[PDB]
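Taking the form solved without its partner chain, here's one chain by itself in structure tokens.
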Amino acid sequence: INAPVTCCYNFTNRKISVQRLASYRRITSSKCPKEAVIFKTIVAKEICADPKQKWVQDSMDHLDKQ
């Protein structure tokens, strides 16, 4: 209710090295234009990424393990 609302309005066009990534979360809220991934870098930078892209899915798999 008093939770913040986070959405992604664009998706990155570059592959982020698995070396630069710390975590991610998914956006699934219907308040947003679409479903998204937000990667967080080892410098705590937040980048919107397309959940349908293979590199994005691979990086989340990597982070789920490594």
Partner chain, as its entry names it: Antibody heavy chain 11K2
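Residue numbers count along the first chain shown, from 1. Here, rigid core means the biggest group of C-alpha atoms that superpose within 1.5 Å across both forms.
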{"item": "Core-fitted comparison in 4 other deposited structures of this protein, 5 to 13 vs 20 to 28, farther C-alphas", "value": "5 to 13"}
{"item": "Which of 19 to 27 and 50 to 58 has higher mean CA B factor, as the PDB entry lists it", "value": "19 to 27"}
{"item": "B-factor third for the C-alpha atom of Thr6 within its chain", "value": "lowest"}
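Below, we refer to the form deposited with its partner chain bound, which is not included among the displayed structures.
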{"item": "Residues within stretch 10 to 39 having a non-hydrogen atom within 4.5 Å of its partner chain in the deposited bound form", "value": "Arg26, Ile27, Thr28, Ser30, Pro33, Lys34, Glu35, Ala36, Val37"}
